[PDB]
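Peer 1: Following this message is one structure expressed as structure tokens.
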Amino acid sequence: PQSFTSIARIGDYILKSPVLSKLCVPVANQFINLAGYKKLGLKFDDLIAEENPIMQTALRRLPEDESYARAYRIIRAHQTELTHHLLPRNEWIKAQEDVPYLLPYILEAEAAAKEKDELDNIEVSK
Amino acid sequence: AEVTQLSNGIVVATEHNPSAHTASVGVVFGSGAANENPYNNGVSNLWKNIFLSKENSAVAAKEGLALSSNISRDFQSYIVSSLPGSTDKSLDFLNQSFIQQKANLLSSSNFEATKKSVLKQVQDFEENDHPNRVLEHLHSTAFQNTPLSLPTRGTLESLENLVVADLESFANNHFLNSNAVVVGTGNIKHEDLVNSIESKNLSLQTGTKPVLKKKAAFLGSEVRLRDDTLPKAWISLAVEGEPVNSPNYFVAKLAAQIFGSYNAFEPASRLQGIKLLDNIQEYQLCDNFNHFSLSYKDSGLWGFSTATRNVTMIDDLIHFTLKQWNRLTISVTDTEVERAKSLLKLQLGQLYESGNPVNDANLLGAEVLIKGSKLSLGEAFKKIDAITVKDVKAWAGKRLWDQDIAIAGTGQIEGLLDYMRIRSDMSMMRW
Amino acid sequence: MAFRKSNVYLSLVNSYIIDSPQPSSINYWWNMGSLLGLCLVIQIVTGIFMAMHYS
Amino acid sequence: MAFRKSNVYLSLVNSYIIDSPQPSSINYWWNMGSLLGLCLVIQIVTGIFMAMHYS
Amino acid sequence: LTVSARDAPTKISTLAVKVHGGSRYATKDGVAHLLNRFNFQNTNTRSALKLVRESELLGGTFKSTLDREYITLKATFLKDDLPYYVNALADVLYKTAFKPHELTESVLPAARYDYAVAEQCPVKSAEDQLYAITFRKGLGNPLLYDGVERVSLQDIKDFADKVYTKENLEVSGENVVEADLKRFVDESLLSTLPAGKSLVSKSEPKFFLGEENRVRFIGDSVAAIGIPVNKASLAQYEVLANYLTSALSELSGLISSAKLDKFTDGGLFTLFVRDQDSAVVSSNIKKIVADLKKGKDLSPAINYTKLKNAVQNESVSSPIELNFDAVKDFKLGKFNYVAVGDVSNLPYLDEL
Amino acid sequence: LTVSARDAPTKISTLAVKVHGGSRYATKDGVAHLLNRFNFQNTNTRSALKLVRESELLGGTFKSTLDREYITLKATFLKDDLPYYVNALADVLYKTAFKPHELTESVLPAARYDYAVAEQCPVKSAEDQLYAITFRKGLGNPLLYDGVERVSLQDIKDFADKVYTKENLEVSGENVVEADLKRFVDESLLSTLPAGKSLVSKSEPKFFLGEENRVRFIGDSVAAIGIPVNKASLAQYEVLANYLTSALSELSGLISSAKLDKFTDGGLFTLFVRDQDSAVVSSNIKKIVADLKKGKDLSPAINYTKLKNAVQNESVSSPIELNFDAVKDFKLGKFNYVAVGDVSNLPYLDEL
Ligand code: HEM
Ligand code: HEM
């Protein structure tokens, strides 16, 4: 319900700042480590809720190999949570592996839908 | 631009265009298929096709003339087009074989071959061309038992009782000097056309056409020519619209242009600025639609036609387009009016300003025949630019909001609901 | 599609009492079922409003 | 097809409690709903058998 | 960058950028069709939705058409909106986005629709069979993509920057001021396009004669003959095409259609005889070739085809400037032949 | 009514009635396929369900096969059940019901399935194109019904009346007493069929050389050559067909398949090169004909040919009995050529 252009806007303003980044990105790294989705073998873009048309178009536009890897990571997380264990520590996602891979597709679909409604509520100057 | 003069009996109209490479003259009568019985239906088709016989058109081809003709509801035209230096060869042809010496055209063994090919033509129309035959059935059920209900091509049961006596009787009753405009488009000048139509002393006939005893009245009705062996479902649906010389003529054209036309398979037809598309695109309700505003002398028609293969959701297609029609009465925006203004100016510009002078001859003949002159395109644009949102709302409250409709359908129209649900869709309960 | 079909409950209402295809030839003896449903509503409502006072 | 699908009532029972596809990941907090169903049946039955003696 | 215009005191202007990028220049089969269906998708600076919803409010539409020689990018609009449309077409030529989601959602279903609508007409089948057996690897390329050889997205980008070059396009404007059009085509993105090579070859396209092909088909059956025409005898075959369909000939009731496709290096004369039953098509095509193997005096049809050529050069403005007066006689020589439909009852090239 | 049988001390008999009613003699395109798919439907006295149930309880199966020359009705069974299967085949030939509800429910979908699985192989597509361009309206008729010309039920009854005659069939039993079979094919309904005439010709089937056909196809690409063979040169092309697909040749890494179809009055040698990309099959077929146009000695492959001919005529005991001893050399003359698939990258006939 907060669309990703707003999140990216705030995050780019934080990361492009010299002071704000050096205070806030350590807190975010500790937040990511405490969150513990990586221990179940999941990247964060497997966590986003997919039942809106924006994410349905982003998942439809995602390429084939990325979609197969995403489906495997999801099925592995379900089987892991079914047994109340974690994954072995060699099977955890590393920080370099936790890449934003769906985010350009989400940002493109959101810019498309925003331009769509701004051109549906278009008004002329006459 | 257009100039129009009146000779001893004939009105002459030209649209001179000196950058054209063909010139085109002809005669446009004022009695189309709305001046027939249900029993001589198809006489104007037989005159169109004996004017374009092979032995009548071979004589025109040896002189470099190309024949054309058009049967409509109100008018009918007979056009001879050629190179700009040979306008009097065309006037000579149109005189010596259509106007005065029409006894070789109406030969038996020419009438029989032409009647046979016209019968084959309408037989292949009635079973293969589905959107146009439901537009003709929408006309035949909206205006029933009044003269506007007649198909322009005629009828297979009607056409096989026709003889040459019927053709010459219609010729005596309607091919008259009081009923005809002589048109000239292309780069023929007006003074040369009047000088060569008074150089020859051309006279058509001298009577006056019979005046019809009843005017066309819109009857809210339906007709269902259902056929489960066809792939799609073709549905035309219309209200009574404006006739020509209305004050609401261009408002009806603009209100049809608001909802426009659509094709499901062209990618730039899915991106139009119509608010109906983001209701009918999610489940792919239709293949195409087009919103028309057909204007005649007596009455008119305003509505749409669709073809769809989603035969399970026809009723929601009808429901969504009629709930989009309701917005013209209640909540049509400024932007939809401006967009339809620009698209209507483009559509009228492509219709009138086109390279073909046969089409200009048909349009100029019908317009000058019905109202004595022709409205220019600049005046048409100044009448389109003056339409406001209040004009569209007033017109839609008059002609659209809670009015009787006429429906015609063929194909798999089991999913199409009855008259009363569709008619109750014509006015929403203010929500 | 229409909201009376897209909804969970309104499609039940639609499919039973709004868009439900009935044979066109059925006569007034086919109103007895709707009549019995009205009768059942009458009995239940009046029974509750009397059981508020019955011992 | 099977009789538990080719019925009217057993189709509903099959679709809701027999062949209902559940996510395999759901923990023990996803039993509270069937627990509330059991509780509701308990309340209704014991209340009826006490209303047989309540004045 | 040949810019040409033609003024008029009227209301509708029409711009066209025509590129030598048709099927004749296609690298793989149907890349010209896929680039043509790609044409008006989104650019790097303006979406495809924004283009349509601003062109509707300015009062004009875009189209793009494919044939054997050209990819034509047409813009029909109200007369005093010209710089918007020259920048729109310049952006389409210079910077179009080429996204794979656009390939898989819009362009491939549009091309699949185009192929499925042209597949049902047996005259289009016979015409492409005729082109393919006459010219083999130039003009005889398939016109539409049907996926027999797989075209990637990189193939479409490579074809796009092969044919969208500054020497390979013309800009032609009906009802446009020519000075202002020339001022608006520079000071644009048609000045930044690569000055590539012009793909048109002034050679002769290496035809083949006496060939025959037979295609199974359900429905109407078509028998088609096809004759390649050089640059010299072009107008004799145009007079023949206008003579056979007019009322001057006794064969006009037997011929379904007859035309002459003209190019800058010759052309192809095609004749189709089509109906629903093979006995009539066999009888008719035997009568056509038995009458054309004897002479036909084409001199009655000269003024008629002068008019017809003026008519069909009103719509296009590609003038080929044909003589029509030195045309006296025709006699059929060698010809390629295509039978589409019930080919177990259509005649062979032996029997014609 | 030639009746021949070959006894054996063996548990399983088989019994074949072969009629000359295959696709060679089809009056309409695919009426033989529909009669073949119609064969073991119900007769007047016994339903088709009852035949299947009673034959299963007795222990045997029926089959009906269609090739170019024959329609074969085969019955495999346990040895002492002979007169049941004789009377079943006699009833199928004599009195089949020919009901429209059997045409539209069980025969037409089976034929549609047959054509839909034969379309997917480009080798069978190329083989029938080869037959059609070599022989035109004899053996060039299509094997399977595809509805290009509509075959009604009266056409199937007329074709069955034409070909199910007493002079047009052969009764051929294996592991069966010939005196018992000869007693059971009279004392039957095979002896009151119409004594018509045998449709086989003793002439030569009027071949055609130098022809070429190309059809597009999505999938594998097949380049095929085909050579019509007269009766006296049959053994040489059989030694060639077994030489080209054995290890004696340098070409069977390139040749996907090669065979020789033998009829009474000649045959057709077919060769197929098949791959998934067109460059491989193009260079392969160029190499095959470039080194078959120079000669080949086939005398190494004579004993191998005698072996393969023995193992492929062990099945049917009406073979052709070629000599194989006088074959030495082969040189490729003229031949018909078929491209299937990516036809604008496969070579043409004049490039071979
Ligand atoms: C199925 C529908 C019902 C039927 C057929 C029915 C029938 C009856 C009948 C015949 C009586 C006797 C009336 C008399 O003779 O005076 C009665 C009485 C009564 N019913 Fe019902 N009833 C129904 C539903 C209900 C319900 C649902 C309630 C309670 C909520 C209820 C509450 C009562 C009460 C309180 C009486 C008390 C005596 C009286 O006031 O008449 N009824 N019922
Ligand atoms: C929704 C489910 C129900 C709930 C939550 C509920 C709740 C309660 C509660 C809290 C009490 C008070 C218990 C006490 O303190 O003594 C009570 C009493 C009672 N309930 Fe219910 N009840 C339910 C269903 C029913 C039903 C359906 C009936 C009738 C058939 C019923 C009949 C009674 C009666 C008769 C009492 C009387 C006092 C007693 O015996 O305890 N209950 N209920």
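Protein chains in written order, with the entry's author numbering: chain G, 2 to 127; chain L, 27 to 457; chain N, 1 to 55; chain C, 1 to 55; chain M, 17 to 368; chain B, 17 to 368. C-beta: ideal position from N, C-alpha, C; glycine also.
1) Go ahead and pull the three-state DSSP assignment for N187/L.
2) Extract the residue ranges of the alpha helix (DSSP H) inside the region 371–421 of chain L, only unbroken runs of 4 or more that lie entirely within it.
3) Does the Cβ of residue 68/C lie closer than 8 angstroms to at least one heavy atom of ligand 1?
4) Could you confirm whether any beta carbon from chain M is found closer than 9 angstroms to the beta carbon of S184/L?
5) Kindly list the residues whose CB is nearer than 6 angstroms to the CB of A274/B, restricted to its own chain and excluding five residues on each side of it in sequence; keep chain order.
6) Can you grab the Cα-Cα spacing for the pair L338/M / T40/L, in whole Å?
7) Give me the Cα-Cα distance between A342/B and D345/M, rounded to the nearest whole angstrom.
8) Please determine, among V296/B, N325/B, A251/B and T26/B, the residue with the shortest C-alpha to C-alpha distance to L314/B.
9) Can you say whether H53/N is buried or exposed, counting buried as having 16 or more other CB atoms within 10 angstroms of its CB?
10) From the DSSP output, read off the bridge partner residues of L284/M.
11) Taking only beta-carbon positions, decide if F233/M is within less than 9 angstroms of chain B.
12) Once DSSP output is grouped into helix, strand and coil, what is the label at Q307/L?
13) Smallest Cα separation from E67/G: which of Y102/G, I15/G, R77/G and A112/G?
14) Starting from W93/G, follow the beta strand (DSSP E) in both directions and report where the run begins and ends.
15) Looking at C-alpha atoms only, which residue of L98/M, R128/M, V108/M and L160/M is the closest neighbour of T30/M?
16) From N34/L to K226/L, what does the alpha carbon distance come to, in whole angstroms?
17) To the nearest angstrom, report how far apart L145/L and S262/L are at their CA atoms.
18) Which residue from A434/L, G391/L and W351/L puts its Cα closest to that of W427/L?
19) List the residues of chain G whose Cβ lies closer than 8 angstroms to the Cβ of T361/L, in chain order.
20) To the nearest angstrom, how far is it from the Cα of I336/B to the Cα of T280/B?
21) Could you check whether the Cβ of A2/N sits closer than 9 angstroms to any Cβ belonging to chain L?
22) How would you list, in chain order, the residues of chain L whose beta-carbon sits under 7 angstroms from the beta-carbon of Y129/M?
23) Tell me which residues share the same chain as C312/L and place their Cβ nearer than 8 angstroms to its Cβ, disregarding the 5 neighbours each side in the sequence.
24) Run through chain M and tell me which residues come within less than 8 angstroms of residue 1/G, C-beta to C-beta.
25) Got a sec: which bits of the region 29–50 of chain B sit with their beta carbon under 7 angstroms from any beta carbon on chain M, in order along the chain?
26) Which word fits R365/L, buried or exposed, when buried means at least 16 other C-beta atoms lie within 10 angstroms of its C-beta?
27) Thinking just about the alpha-carbon of each residue, which of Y69/G, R62/G, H86/G and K115/G is nearest to the one in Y38/G?
28) Where are the beta strand (DSSP E) runs, 3 residues long or more, that stay fully inside the region 48–83 of chain L, in chain order?
29) So the beta strand (DSSP E) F78/M belongs to, where does it begin and stop?
30) What are the residues in the region 262–291 of chain M lying within 8 angstroms of chain L by C-beta distance?
31) Starting from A92/L, follow the alpha helix (DSSP H) in both directions and report where the run begins and ends.
32) Sorry if obvious, but does the Cβ on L40/C come closer than 8 angstroms to a heavy atom of ligand 2?
33) Quick one: does the C-beta of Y54/N sit closer than 8 angstroms to a heavy atom of ligand 2?
34) Are there three or more Cβ pairs, one per stretch, closer than 8 angstroms when the region 36–51 of chain B is compared with the region 346–354 of chain M?
35) Taking only beta-carbon atoms, is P116/M less than 9 angstroms away from chain G?
36) Between the alpha carbons of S184/L and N314/L, how many angstroms are there, rounded?
Peer 2: For this structure:
1) Along the second sequence, one-based indexing puts residue 187/L at 161. Three-state DSSP puts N187/L in coil, outside helix and strand.
2) 383–397 and 403–410
3) Any question about residue 68/C goes unanswered here, given that chain C covers just 1 to 55.
4) Locating residue 184/L in the second sequence gives position 158, counting from the first residue. With 9 angstroms as the cut-off, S184/L does not count as an interface residue toward chain M.
5) Indexing the sixth sequence from 1 puts residue 274/B at position 258. Answer for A274/B: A257, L260, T261 and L287, listed in chain order.
6) Locating residue 338/M in the fifth sequence gives position 322, where the first residue counts as 1. Locating residue 40/L in the second sequence gives position 14, where the first residue counts as 1. For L338/M and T40/L, the distance between alpha carbons rounds to 31 angstroms.
7) As a first step, residue 342/B must be located in the sixth sequence, where it is residue number 326. As a first step, residue 345/M must be located in the fifth sequence, where it is residue number 329. Those two C-alpha atoms are separated by around 60 angstroms.
8) Here residue 314/B refers to the residue found at position 298 when the sixth sequence is read from its first residue. For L314/B, the nearest C-alpha among the options comes from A251/B.
9) For the purposes of this step, residue 53/N is taken as residue 53 along the third sequence, with counting starting at 1. So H53/N counts as exposed.
10) What you label residue 284/M is simply residue 268 of the fifth sequence in a count that begins at 1. Partner(s): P244/M and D277/M.
11) Locating residue 233/M in the fifth sequence gives position 217, counting from the first residue. Yes - at least one Cβ of chain B is within 9 angstroms of the one on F233/M.
12) Mapped onto the second sequence, residue 307/L falls at position 281. Three-state DSSP puts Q307/L in coil, outside helix and strand.
13) Mapped onto the first sequence, residue 67/G falls at position 66. Nearest of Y102/G, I15/G, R77/G and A112/G to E67/G, Cα basis: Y102/G.
14) Along the first sequence, one-based indexing puts residue 93/G at 92. Per DSSP, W93/G belongs to no beta strand (DSSP E) and is neither H nor E.
15) Taking the first residue of the fifth sequence as position 1, residue 30/M is located at position 14. For the residues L98/M, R128/M, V108/M and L160/M, the minimum Cα distance to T30/M belongs to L98/M.
16) On the second sequence, position 8 is the one that residue 34/L refers to. On the second sequence, position 200 is the one that residue 226/L refers to. Cα to Cα, the separation comes out at about 13 angstroms.
17) As a position in the second sequence, residue 145/L is number 119, starting the count at 1. As a position in the second sequence, residue 262/L is number 236, starting the count at 1. Their backbone Cα atoms lie some 26 angstroms apart in a straight line.
18) Here residue 427/L corresponds to residue number 401 of the second sequence, with the count starting at 1. Closest by alpha carbon: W351/L.
19) In the second sequence, residue 361/L corresponds to position 335, counting from 1. Simply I123, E124 and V125.
20) Along the sixth sequence, one-based indexing puts residue 336/B at 320. Along the sixth sequence, one-based indexing puts residue 280/B at 264. Near 8 angstroms, if we compare the C-alpha coordinates of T280/B and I336/B.
21) Looking up residue 2/N in the third sequence gives position 2. Yes - at least one Cβ of chain L is within 9 angstroms of the one on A2/N.
22) For the purposes of this step, residue 129/M is taken as the residue at position 113 of the fifth sequence. The contacting residues are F291.
23) On the second sequence, residue 312/L is found 286 positions in, with the first residue counted as 1. Counting only Cβ-Cβ distances below 8 angstroms, and skipping sequence neighbours, we find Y288, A290, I306, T332, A333, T334, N336 and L343.
24) Coverage of chain G is limited to positions 2 through 127, which leaves residue 1/G absent and any answer about it impossible.
25) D45
26) The residue you call residue 365/L lines up with position 339 of the second sequence. Classification of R365/L: buried, given that the 10 Å Cβ count is 16 or more.
27) Position 37 of the first sequence, counting from 1, holds the residue named residue 38/G. When each option's Cα is compared against that of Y38/G, the closest is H86/G.
28) 49–55
29) Here residue 78/M corresponds to residue number 62 of the fifth sequence, with the count starting at 1. Here the beta strand (DSSP E) through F78/M covers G76 to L82.
30) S262, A263, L264, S268 and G269
31) Position 66 of the second sequence, counted from the first residue, corresponds to residue 92/L. Premise fails: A92/L lies in the beta strand (DSSP E), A92 to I97, not in any alpha helix (DSSP H).
32) The count along the fourth sequence starts at 1 and reaches residue 40/C at position 40. For ligand 2, at least one heavy atom lies less than 8 angstroms from the Cβ of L40/C.
33) Residue 54/N sits at position 54 when you count from the first residue of the third sequence. Every heavy atom of ligand 2 is 8 angstroms or more from the Cβ of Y54/N, so no.
34) no
35) On the fifth sequence, position 100 is the one that residue 116/M refers to. For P116/M, the answer is yes, since a Cβ of chain G falls inside 9 angstroms of its Cβ.
36) Position 158 of the second sequence, counted from the start, is the residue given in the question as residue 184/L. Position 288 of the second sequence, counted from the start, is the residue given in the question as residue 314/L. If I take the Cα positions, the gap works out to 33 angstroms.
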